[PDB]
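What follows is the residue order along each chain.
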Amino acid sequence: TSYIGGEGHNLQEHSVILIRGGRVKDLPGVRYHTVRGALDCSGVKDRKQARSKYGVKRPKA
Amino acid sequence: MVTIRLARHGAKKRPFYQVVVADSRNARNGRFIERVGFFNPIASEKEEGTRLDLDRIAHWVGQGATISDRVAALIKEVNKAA
Amino acid sequence: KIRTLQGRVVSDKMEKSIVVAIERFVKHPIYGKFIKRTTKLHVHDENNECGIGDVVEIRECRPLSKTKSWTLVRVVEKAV
Amino acid sequence: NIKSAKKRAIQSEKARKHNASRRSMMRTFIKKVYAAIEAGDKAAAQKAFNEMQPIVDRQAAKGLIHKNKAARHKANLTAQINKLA
Amino acid sequence: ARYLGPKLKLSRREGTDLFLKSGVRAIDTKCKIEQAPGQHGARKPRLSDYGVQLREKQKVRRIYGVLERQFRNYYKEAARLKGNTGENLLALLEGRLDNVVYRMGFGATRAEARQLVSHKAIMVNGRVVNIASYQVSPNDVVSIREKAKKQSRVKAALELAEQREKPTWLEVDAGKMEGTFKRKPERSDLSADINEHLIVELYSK
RNA sequence: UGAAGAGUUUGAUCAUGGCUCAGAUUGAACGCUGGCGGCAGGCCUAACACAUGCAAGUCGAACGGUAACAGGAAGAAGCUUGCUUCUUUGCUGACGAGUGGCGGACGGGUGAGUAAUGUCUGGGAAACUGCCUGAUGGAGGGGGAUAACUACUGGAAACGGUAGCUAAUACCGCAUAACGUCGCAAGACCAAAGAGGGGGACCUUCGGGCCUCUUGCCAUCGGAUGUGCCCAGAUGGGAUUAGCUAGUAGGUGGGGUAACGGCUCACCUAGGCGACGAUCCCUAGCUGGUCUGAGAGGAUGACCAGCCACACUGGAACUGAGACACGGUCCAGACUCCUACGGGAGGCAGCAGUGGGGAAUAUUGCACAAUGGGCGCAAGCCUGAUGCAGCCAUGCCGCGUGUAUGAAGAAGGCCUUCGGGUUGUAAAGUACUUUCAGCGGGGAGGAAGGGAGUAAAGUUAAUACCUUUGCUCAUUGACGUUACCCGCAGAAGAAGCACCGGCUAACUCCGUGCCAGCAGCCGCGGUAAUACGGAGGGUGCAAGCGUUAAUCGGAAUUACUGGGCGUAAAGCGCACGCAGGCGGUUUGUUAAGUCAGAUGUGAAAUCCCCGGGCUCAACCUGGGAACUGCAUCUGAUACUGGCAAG
């Protein structure tokens, strides 16, 4: 099991995702923490800060 | 076939050669027997380009060692100079 | 004559051959206690002329059989 | 592949056959000595050896054997003849 | 490399005048020394036993414009030498060409010295050097090449230097506009309020 | 020159004790971002399968030779008046295929196997060693061939068979004879090759002999170098592997190898190995070194170098100085493919690339100019070694993105007590500079050498020839429109990333309202929340910056340095006792431990030191130091051990 953290959700039931590590502290053993925005899982919506930890990239600014 | 060839050791675009005594069958940057002097092809009196230790070369040559091509010139360019 | 490894014969039964057990200190590399490490080593004795438990003076020779590369020069103690 | 190897191959087959003939010839002039050692005749073994001595030493000079196996076969047959009779 | 710098909100944080700007800027004259570096005004700074060596390490880095990679390299090659580690840091920071061209009196701030150096202007031992990190060995004779002898700057910035103190470990023949870093600077004559024995604990964790 | 701690069990604290964090490093990967350049790395996974190209040849001075090419020679002919269309000649340079010599055993790859006769250190004997080197001699004579080539000639092919052909430095006899081998000694026996260059001078059946030159040849003894063999010590985890072993341990003899040896055979002895860990199982190439650490230690072994092992899987051997042999042979098997199905062909753990697997790792480059290697008498050929280029922020280092001056603090935003402050001299404007990228021109060094002549007493022929020198002339750079320098522009093309509750440098406003979410830990979110999301502001690092993974540290948390066991985890229920571990006191002795000194050795590079050269640095490099070890020798004799006397 892998946690899908971010500011909103975008996956599906067969999309291939890139597992990362870095346990989550609440679920009884969700100790992998899916990467955002690397493989076929999109970034997050309208997210400006710590934008690298999520799959969104440089609104024009 | 003990040889007195040269091994290329300096960085890219700037070779530095040790005058090595090694047999032929080893890759030039493989094994060897004795390291008698070096050769730094760069010039314009940066430093001595060659120090060579002629007595061990003379010993090895008299012992059956084939003094190689470039180092043959290296020998007398020292003797001709001094 | 190399270092003539003194030892105490363990078993002179086997024909024209003996088993000499050398004993050695060595400081334990990691803890520092002088431990006693034995060095059992087959010796060719030509006449079965040494009995168990007498210090002999053995030497390196060419291999003489499979695992037998030492012969003794002279005996310096009687078994009993 | 290479043109070298497929000439060194046929060359080695030719040398195989020729070397083989030489060694299976010498392994007759040693067994003729043995068939007299076991026969227990001093004289017949003496001729067998004095005819062996060129053949085992001839190709040791220039081929298959070299001086040490020629020496071995000379020596450990002179020794066997001596203690025959 | 140099990163265009924090301007005077740089020197405002440390309090003392960190010379990015030099002229009549010593008095306020539009500097607003310690009114606020930003959002909050004179908020009391509750620096921890850590914060008061980060403050001084980045007083030193930000006097000269050195960076964390170069400043740690300077730290390590000051800590492998012999003697007082802190005075070794200040020695090998003072021998830097970017610095020396300033202490010579050439230019008006070490950003101007870093630009003159980078633009071939300063030429040491008769051969042009445009690396700002070039550790000036003692007895060198720094100069200015012919093309930049009268370029625009060193004619006036030098006149902005005589009222300034004369660093006693190097001599300045301003009339001919070539100098000589005569000997190794010491801690005493390098009259700064810099406490080395905060920096050295910062790095020696 | 060397050493830091913080949070977290409680109402609370003193201790225990784990857990988490702060540092450094990586063959890294991923996310956002990106201007240079230098130096260095770049399938860690499937030792999975490999398209396609290259990765190994060379010498016509070994010899038959001409398959071409050329120099031609001759000749028939076009006259094309002496020019060039043809036919033969290997007659010549030269050279395809063939025999021959040497090199394909190095160089290059990989780390599957190997837990140890493999590796490291240190000794040793029973050995060979192609090429190179010194000494000594020999270097006469003869034979039978067989590919090439010819002509038949099966087989779809792969690949062959018949008949002639033919030389050699191929092959084999003969005389050949120790400084050789066998043998106690006598005796016996054992090899070989010519090739060119010029012929002074001579002969010439004008072959050539013969003089000479050069080089090669056979034999023996040295040398060096390489390799084989041996012994000792040290080299992972598991005792929830405690017994293993019959050629197994030893001895006689044969036999076997370059060489000792159960290496193999017959026989006899009945041993050997094991708690100081044998056998079995799992994992693993080993080292110099790398990282980390105050250090002891820990973890590793990509790069670079030494050794090893493998070359589609499994057997074997040939040839040879050397192989049980990556681009060699026979055999099996799995495969991939051609197949006329009767039969054959192949092995990227070379380089570049392909498919696959993977989070992940590059070009189907240029040159052999340098260095090295192979063959060669040399010119030279060959070299996916090597040198360079390409891609990749993968690292490290250096630089740049402007510099000065500048307010009523320009607006505009943020907040705001609306006072203003802040963003902030920051902007704009003011004067100036051009380093990198751009354009243009200047522009090394890496090239020493080799070629052609020239003096030689050298060599003999005296110059001939050859040899080296000395001189003269011309000539060789992939990279590379090289570094570097100089002119022309204009600030002109060059800034992001994380973070801001504490641990930790750095807080304000708004929206959200246990929801969305965060999170390394403590812990946040239920009506302001400096902890989520957004803005302003700040902090840190900067062509980077974050996250994940991995190692050591912190962790004294396996504690040798350096911990504990009444109650925190932890004294066997209690004894006896083998092995083991320790041992009162005096003298003598030894000199094993120990200590001192010395001698070898501890590869080079790494690490450190004083330098030196790249405009600095990374980087390269000289010399030293260091390699804390091992072995040998000579002293001491206090302490420990032995032996003897008490």
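- Header annotation of the entry names cryo-EM as the structure determination method and lists the resolution as 3.05 Å.

### Section: the overall build of chain E
Here is step 1 of the chain: Tallying secondary structure elements over chain E gives eight helices and five strands in all.
Here is step 2 of the chain: Sequence-ordered secondary structure for chain E, helices as α and strands as β, is α-α-α-α-α-α-β-β-β-α-β-β-α.
Here is step 3 of the chain: The buried share of chain E, reckoned over its 205 residues, is 44%.
Here is step 4 of the chain: Intrachain contacts of chain E at a sequence separation of at least 6 include 59% that bridge at least 24 residues.
Here is step 5 of the chain: As displayed, chain E has an accessible area near 11,600 Å², and 53% of this comes from carbon and sulfur atoms.
Here is step 6 of the chain: Across chain E, the 42 positively charged side chains and the 25 negatively charged ones have centroids separated by 7 Å.

### Looking at a positive patch on the surface
Residue and element names in this part refer to chain A.
Here is step 1 of the chain: A cluster of basic residues, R20, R23, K25, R31 and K53, forms a positive patch on the protein surface.
Here is step 2 of the chain: By the secondary structure assignment, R23 is in the loop between β1 (2-3) and β2 (32-33).
Here is step 3 of the chain: Given the relative accessible area of 57%, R23 is considered exposed.

### What about the state of the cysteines?
Residue and element names in this part refer to chain C.
Here is step 1 of the chain: Enumeration over the complete set of coordinates arrives at zero disulfides over all chains.
Here is step 2 of the chain: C50 forms no disulfide, and the closest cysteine sulfur to it belongs to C61, at a distance of 14 Å.
Here is step 3 of the chain: Relative accessible area serves as the criterion here: at 1%, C50 is assigned to the buried category.

### Topic: the environment of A174 of chain E
Residues and elements named next belong to chain E.
Here is step 1 of the chain: Within the element layout of this structure, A174 appears in the loop between β4 (171-173) and β5 (178-180).
Here is step 2 of the chain: Take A174: its relative accessible area is 33%, and that puts it in the partly exposed class.
Here is step 3 of the chain: Residues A174 and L158, spaced 16 residues apart in sequence, show a C-alpha to C-alpha distance of 7.4 Å.

### What to know about the protein's contact with RNA strand F
Here is step 1 of the chain: Residues in contact with RNA strand F amount to 192 residues; listed here are only the nearest, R20 and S52 of chain A, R25 of chain B, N1 of chain D together with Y3 of chain E.
Here is step 2 of the chain: Near-protein atoms of RNA strand F (within 4 Å) split between backbone and bases, with sugar and phosphate holding 80%.
Here is step 3 of the chain: Between a phosphate oxygen of RNA strand F and a side-chain N or O atom of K32 of chain E, the distance comes to 3.0 Å.
Here is step 4 of the chain: The side chain of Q115 of chain E places a nitrogen or oxygen atom 2.8 Å from a sugar or linking oxygen of RNA strand F.
Here is step 5 of the chain: If one sorts the elements of the surface near RNA strand F by residue count, helix α1 (residues 5-29) of chain D sits on top with 12 residues.

### Description of a nonpolar patch on the surface
Here is step 1 of the chain: Among the surface-exposed residues, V16, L18 and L39 of chain A lie close enough to one another that they form a single nonpolar patch of about 250 Å² accessible area.
Here is step 2 of the chain: By the secondary structure assignment, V16 of chain A is in the loop between β1 and β2.

### Points about the environment of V20 of chain B
Residue and element names in this part refer to chain B.
Here is step 1 of the chain: Note that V20 resides in strand β3 (residues 17-23).
Here is step 2 of the chain: The spacing of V20 and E34 is 14 residues in sequence and 6.0 Å in space, taken between C-alpha atoms.
Here is step 3 of the chain: Non-local contacts of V20, meaning those with residues more than four positions away in its chain, are made with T3, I4, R5, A7, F32, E34 and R35.

### A short note on the packing of aromatic side chains
Here is step 1 of the chain: Counted under the stated rule, the structure contains five aromatic pairs over all chains.
Here is step 2 of the chain: The interplanar angle of 50° and the centroid separation of 6.1 Å between the aromatic rings of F25 of chain C and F34 of chain C together place this pair among those described as tilted.
Here is step 3 of the chain: Residue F25 of chain C is classed as exposed on the basis of its relative accessible area of 52%.
Here is step 4 of the chain: The interplanar angle of 40° and the centroid separation of 5.8 Å between the aromatic rings of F71 of chain E and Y203 of chain E together place this pair among those described as tilted. Linking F71 of chain E in helix α3 (residues 68-79) with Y203 of chain E in helix α8 (residues 196-203), this pair joins segments that are 132 residues apart in sequence.
Here is step 5 of the chain: Taking the relative accessible area as the measure of exposure, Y203 of chain E reaches 9% and is therefore buried.
Here is step 6 of the chain: Cluster of aromatic residues (ring-pair linked, three or more members): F71, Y75 and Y203 of chain E.
Here is step 7 of the chain: The ring of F29 of chain D carries the charged tip of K32 of chain D above its face, separated from the ring centre by 4.7 Å.

### Points about the sheet that holds strand β5 (residues 68-75) of chain C
Residue and element names in this part refer to chain C.
Here is step 1 of the chain: One open sheet holds the five strands; their spatial order is β3-β2-β1-β4-β5, and the pairing between them is antiparallel. In the strand order of this sheet, the two ends are held by β3 (34-43) and β5, each with one partner. For this sheet, the mean angle separating the axes of adjacent strands, direction not counted, is 50°.
Here is step 2 of the chain: Of the strand pairs in this sheet, strand β1 (residues 5-9) and strand β2 (residues 18-27) are connected by two bridges, and their pairing is antiparallel. Each bridged residue has a counterpart across the sheet, and for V9 the counterpart in β2 is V20.

### Brief notes about the pattern of salt bridges
Here is step 1 of the chain: For the coordinates displayed, the defined rule picks out 17 salt bridges over all chains.
Here is step 2 of the chain: Taking the shortest distance from any N to any O, the salt bridge between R51 of chain B and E48 of chain B comes out at 3.9 Å.
Here is step 3 of the chain: Residues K67 of chain D and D57 of chain D are paired through a salt bridge, measuring 3.5 Å at the closest nitrogen-oxygen approach. Of this pair, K67 of chain D sits in helix α4 (residues 67-82) while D57 of chain D sits in helix α3 (residues 42-61), placing them 10 residues apart in sequence.
Here is step 4 of the chain: What emerges from the salt-bridge pattern is a single network uniting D57, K67 and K74 of chain D.

### Some thoughts on the packing of helix α2 (residues 51-64) of chain E against α8 of chain E
All names here are of chain E.
Here is step 1 of the chain: Between α2 and α8, the shortest axis-to-axis distance is 8 Å and the interhelical angle comes to 105°. Relative to α8, the element α2 lies roughly perpendicular. In contact with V52, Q53, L54, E56, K57 and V60 of α2, α8 contributes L198, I199, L202 and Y203.
Here is step 2 of the chain: Of the residues assigned to the contact of α2 with α8, the class counts are seven nonpolar, one polar and two charged.

### Focus on the arrangement of the chains
Here is step 1 of the chain: Taking C-alpha atoms only, the smallest gap left between chain C and chain D, which are not in contact, amounts to 20 Å.
Here is step 2 of the chain: Chain E makes no contact with chain C, the minimum C-alpha separation between the two being 30 Å.

### Concerning the sheet that holds strand β1 (residues 122-124) of chain E
Residues and elements named next belong to chain E.
Here is step 1 of the chain: Pairing in this open sheet of three strands is antiparallel, and the strands run β2-β1-β3 from one edge to the other. The outermost strands of the open sheet, each flanked by one partner alone, are β2 (127-128) and β3 (142-144).
Here is step 2 of the chain: Sheet topology note: the β1/β2 ladder contains two bridges and is antiparallel. Bridge assignment links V124 to a residue of β2, and that residue is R127.

Thresholds applied
- Per the conventions used, each chain is numbered from 1 along its written sequence, independently of whether this matches the entry, and residues without coordinates are not displayed.
- All chains are assigned letters beginning at A, and all ligands numbers beginning at 1, according to the order in which they are written.
- Here we see only some chains of a larger assembly; the values are for those chains and no others.
- For the side-chain quantities, the full set of heavy atoms in the structure was used; hydrogens and water were omitted.
- Think of it this way: any DSSP run of H or I at least four residues long counts as a helix, any run of E at least two long counts as a strand, and we number them from the N terminus.
- Here's how the labels work: a residue is buried when its accessible area is under 20% of the maximum for its type, exposed when over 50%, partly exposed in between, all with a 1.4 Å probe on protein chains only.
- Two residues form a contact once any of their heavy atoms are found within 4.5 Å.
- With residues, only the protein chains shown are counted as cover, and all accessible areas are computed by Shrake-Rupley using a 1.4 Å probe.
- We treat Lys and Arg as the positive residues and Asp and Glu as the negative residues; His and chain ends play no part in the count.
- Just so you know, the charge point we use is NZ for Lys, CZ for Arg, CG for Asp and CD for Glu.
- Two joining distances apply to patches: 9 Å for like charges and 5 Å for nonpolar side chains (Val, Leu, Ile, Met, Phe, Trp, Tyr), and every residue must have over 30% relative accessible area and no salt bridge.
- Salt-bridge detection follows one rule: a side-chain nitrogen of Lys or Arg within 4 Å of a carboxyl oxygen of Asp or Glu.
- In this description, a disulfide is simply a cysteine sulfur pair whose atoms lie within 2.5 Å.
- We call a residue near a molecule or strand when any one of its heavy atoms sits within 4 Å of it.
- Pairs of N or O atoms within 3.5 Å make up the polar contacts considered here, provided that, within protein, one atom can donate a hydrogen while the other can accept it, and that residues adjacent in sequence are counted only when both atoms are side-chain atoms.
- Two rings from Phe, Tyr or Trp (for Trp, the six-membered ring) form a pair when their centres sit within 6.5 Å of each other. Planes less than 30 degrees apart are called stacked, planes more than 60 degrees apart edge-to-face, and all others tilted.
- Should the NZ of a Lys or the CZ of an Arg lie within 6 Å of a ring centre and within 35 degrees of the ring normal, that charge is described as sitting over the ring.
- For two strands to be treated as a pair, DSSP must find no fewer than two bridges joining them.
- The axes are straight lines fitted to the C-alpha atoms, using for helices just the contacting stretch, and the angles between their N-to-C directions are given from 0 to 180°.
- Should an angle fall under 35 degrees it is taken as roughly parallel, and over 145 as roughly antiparallel, whereas 65 to 115 is taken as roughly perpendicular and any remaining angle as oblique.
- Amino acid classes used here: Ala, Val, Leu, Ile, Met, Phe, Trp, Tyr, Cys and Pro are nonpolar; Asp, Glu, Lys and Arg are charged; the rest, including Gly, are polar.

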